[PDB]
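**Student:** Protein chains in written order, with the entry's author numbering: chain Y, 209 to 260; chain W, 311 to 331; chain X, 311 to 331; chain C, 2 to 250; chain U, 2 to 54, 58 to 134; chain Z, 2 to 104; chain F, 2 to 52. For every residue, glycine included, the Cβ atom is placed at its ideal position computed from N, Cα and C.
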Amino acid sequence: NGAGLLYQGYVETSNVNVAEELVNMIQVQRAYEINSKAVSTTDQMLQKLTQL
Amino acid sequence: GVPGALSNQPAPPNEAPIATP
Amino acid sequence: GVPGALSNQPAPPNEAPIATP
Amino acid sequence: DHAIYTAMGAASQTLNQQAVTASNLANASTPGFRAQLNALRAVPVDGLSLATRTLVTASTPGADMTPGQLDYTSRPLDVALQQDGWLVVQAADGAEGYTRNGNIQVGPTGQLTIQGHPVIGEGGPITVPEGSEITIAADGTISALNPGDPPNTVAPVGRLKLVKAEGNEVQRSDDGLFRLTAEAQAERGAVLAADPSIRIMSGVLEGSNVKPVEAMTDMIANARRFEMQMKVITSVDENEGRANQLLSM
Amino acid sequence: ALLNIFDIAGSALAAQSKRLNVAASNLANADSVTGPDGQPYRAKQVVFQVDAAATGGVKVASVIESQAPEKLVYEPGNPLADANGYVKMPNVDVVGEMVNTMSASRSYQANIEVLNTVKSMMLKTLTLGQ
Amino acid sequence: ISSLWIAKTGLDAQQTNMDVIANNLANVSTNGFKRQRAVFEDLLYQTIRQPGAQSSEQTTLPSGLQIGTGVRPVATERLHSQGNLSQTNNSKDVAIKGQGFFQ
Amino acid sequence: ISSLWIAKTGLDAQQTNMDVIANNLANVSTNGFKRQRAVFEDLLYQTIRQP
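1) DSSP on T121 of chain U, reduced to helix/strand/coil?
2) Less than 6 Å between C-beta atoms, sequence neighbours within five positions excluded: which residues of the same chain meet that for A138 of chain C?
3) Mapping DSSP to helix, strand and coil, what is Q216 of chain Y?
4) Here's the rule: buried if 16 or more other CB atoms are within 10 angstroms of the residue's CB, otherwise exposed. What is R38 of chain F?
5) State the DSSP-derived secondary structure class of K92 of chain U, mapped to helix, strand or coil.
6) Could you tell me whether the region 25 to 32 of chain U touches the region 73 to 85 of chain U, where touching means 3 or more Cβ pairs closer than 8 Å?
7) Compute the beta-carbon to beta-carbon distance between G141 of chain C and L163 of chain C, rounded to the nearest angstrom, for a pair I have assumed lies under 8 Å.
8) So, for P130 of chain C: in the same chain, excluding its five sequence neighbours on each side, which residues have a beta-carbon less than 8 Å away from its beta-carbon?
9) Suppose the cutoff is 8 Å on Cβ atoms and the five residues either side in sequence are ignored; what does the same chain contact list for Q51 of chain Z look like?
10) Give a yes or no on whether the minimum CB-CB distance between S13 of chain C and chain W is below 7 Å.
11) Relative to the alpha-carbon of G311 of chain W, which residue among C:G48, C:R101, C:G95 and C:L26 has its alpha-carbon at the smallest distance?
12) What residues in its chain sit with their C-beta under 8 Å from that of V72 of chain Z, if we drop five residues either side in the sequence?
13) Would you identify the three-state DSSP class for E170 of chain C, choosing helix, strand or coil?
14) Please go through the same chain and pick out, in chain order, the residues whose beta-carbon is closer than 8 Å to the beta-carbon of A92 of chain C, but skip the five residues on each side of it.
15) Taking a Cβ distance cut-off of 8 Å, strictly less, list which residues of the region 8 to 24 of chain F are near chain Y, in chain order.
16) Contact criterion: CB-CB distance below 7 Å. Does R20 of chain U meet it with respect to chain Y?
17) Any C-beta of chain Z within less than 8 Å: which residues of the region 84 to 117 of chain U qualify?
18) Could you please give me the residues that DSSP links to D43 of chain Z through a beta bridge?
19) Among C:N39, C:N28 and C:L51, which one has its Cα closest to the Cα of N324 of chain W?
20) Between the C-alpha atoms of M9 of chain C and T15 of chain C, what's the straight-line distance to the nearest angstrom?
21) Applying the criterion that 16 or more other CB atoms from any shown protein chain within 10 Å of the CB defines a buried residue, is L127 of chain U buried or exposed?
22) From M93 of chain U to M19 of chain Z, what distance separates their C-alpha atoms?
23) Please determine if the region 63 to 81 of chain C and the region 199 to 210 of chain C are in contact, where contact requires at least 3 C-beta pairs separated by less than 8 Å.
24) Where does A96 of chain C fall in DSSP's three states?
25) Less than 7 Å between the beta carbons of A36 of chain C and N223 of chain C, yes or no?
26) Given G89 of chain U, which residues of its chain have a CB within under 6 Å of its CB, disregarding the five upstream and five downstream residues?
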């Protein structure tokens with residue numbers, strides 16, 4: 209009924225690949241930096257408005 | 311009439327539409 | 311009551327215990 | 002004296018455009034996301050004398066349907082469309098909308114669905130066997146294999162409905178699902194018809210089309226424009242304040 | 002009364018100062034643990050409300069503890085560790101606190117500018133009483 | 002201003018995604034581990050001005066606008082795929098194929 | 002955001018090629034084994050219309 213088979217003496221390892229993780233880390237860092245720049249420019253706009 | 315002068319008729323209302331139909 | 315109002319008695323002194331007695 | 006109003010309107014619309022750009026940048030990693038284009042729009046006030054005051058109101062066109070980039074995940078039920086393909090799913094209100102988020106999922110009762118909303122095909126939403134493994138063809142065929150059963154019993158159990166929208170006639174609804182505009186749906190029917198000229202790819206997923214260079218350029222331009230408008234505001238205010246003393250004796 | 006403007010601005014300044022103080026305290030206690038009597042530290046926020054005297061000033065009724073789950077860190081060597089050997093680190097959103105500080109500073113500056121303008125207007129008002 | 006409270010959501014989503022990636026990388030040696038993958042969703046859009054008349058014997062672009070609201074982490078899926086088999090020669094180790102779990 | 006995912010796909014393809022090579026080399030003595038070779042193919046091309 210769709211059950212698997214058992215192998216004795218063997219252990220299933222984690223199904224993690226590191227290339228995708230590294231690329232995702234790079235993308236996450238870049239997106240974080242660009243969002244930080246967005247925050248900074250909005251704060252600058254508000255400061256310039258309040259210094260009216 | 312020239313600007314700043316006197317007139318006997320009120321100016322038409324100002325509309326400033328976003329986009330003409 | 312509301313902060314900034316007028317009271318007839320002082321507030322109790324402030325303290326910051328590092329560890330509970 | 003009323004130039005202050007034009008300047009403040011320009012500043013407010015610049016803030017709105019900045020908010021749009023920030024919204025586009027924030028969800029730069031959601032699958033199947035379409036960027037939100039924006040461009041300032043001019044509205045001239047006029048009548049009976051010297052039409053000089055022209056106000057600014059920000060506006061956002063539909064979107065840029067440039068296809069997002071594809072990343073390979075090897076998941077059997079990940080679909081990536083063609084240049085301008087769409088998957089149609091019924092929305093919360095019961096109406097149909099279009100999307101490109103290919104992250105299909107299967108519920109415990111054999112119900113296929115994109116995030117939140119079920120997928121529709123021939124007839125109503127498509128349903129698969131209770132625990133059958135699913136493979137998606139290049140033309141929308143859903144092949145099902147019952148676990149444990151020998152492989153020679155793979156059976157088609159339905160078909161995705163794929164539409165084709167070029168892009169200039171679709172507008173984003175309030176929940177992020179695109180729909181045809183009024184004239185487009187009038188001239189092409191309320192419900193679109195499936196076409197075979199659209200092919201999907203299994204195993205890859207589509208990201209989002211947000212241009213970092215465009216975002217940075219827009220941010221710089223908005224910053225400079227807002228600062229200039231603020232300077233105009235303060236200059237006009239100082240001028241009016243200095244000139245207000247004429248009425249004195 | 003043309004003088005409730007000062008009350009409104011002062012209430013706004015006090016509220017912004019309270020919110021900034023709460024944010025600064027959270028930032029200081031970002032990585033603290035085992036406060037007084039051993040209970041884990043929890044972050045706090047403030048809620049702004051308006052005083053319906058219509059239009060009125062802003063007040064802060066009370067400081068409300070965050071309901072976001074604490075961080076559970078496995079470290080059995082700490083006496084605070086439960087049967088699972090976990091310690092409860094406080095939930096502090098550094099970006100959230102930075103944004104809150106920025107907003108508080110901007111609101112404070114806007115209110116002080118409004119106070120400056122209204123003070124100039126009120127000083128000019130009295131010249132007609134002679 | 003909406004920009005601050007939108008970029009805050011963006012930063013929060015990025016931070017949670019980084020946490021998920023770090024968790025996946027941490028247990029690179031845990032036996033029988035299925036990797037995580039975080040998927041987000043854009044929030045509902047807020048309309049300000051409805052679009053006007055179109056194709057009125059003119060080639061103008063649409064005029065409506067609608068501001069975004071931000072992004073939220075909607076779900077986190079574990080990829081229940083098949084991993085590799087490491088030989089340990091221990092008589093009391095079991096590796097299971099296909100799909101199945103020990104109760 | 003443009004070449005990152007393309008290079009990720011390339012790395013994944015090369016990893017799959019390495020895996021099948023390693024599997025072929027592993028059972029160099031298994032009786033009745035058949036060597037396997039993978040075949041690649043590019044993904045969908047996007048189009049940019051000219052004016």
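**Tutor:** According to the structure data:
1) helix
2) none
3) strand
4) With fewer than 16 other Cβ atoms within 10 Å, it is exposed.
5) strand
6) no
7) 6 Å
8) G111, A145, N147 and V158
9) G65
10) no
11) C:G48
12) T10, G11, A14, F41, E42, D43 and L44
13) coil
14) Within the same chain, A92 of chain C has close Cβ partners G98, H118, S174, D176 and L178.
15) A8, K9, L12, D13 and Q16
16) Taking 7 Å as the CB threshold, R20 of chain U stays off the interface with chain Y.
17) Against chain Z - using a Cβ distance shorter than 8 Å - the residues of the region 84 to 117 of chain U are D97, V99, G100, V103, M106 and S107.
18) Z:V72
19) Ranking C:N39, C:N28 and C:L51 by CA distance to the CA of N324 of chain W puts C:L51 first.
20) 10 Å
21) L127 of chain U should be labelled exposed.
22) Near 19 Å, if we compare the C-alpha coordinates of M19 of chain Z and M93 of chain U.
23) yes
24) Looking at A96 of chain C - three-state DSSP - the assignment turns out to be coil, as it is neither helix nor strand.
25) no
26) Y78 and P80
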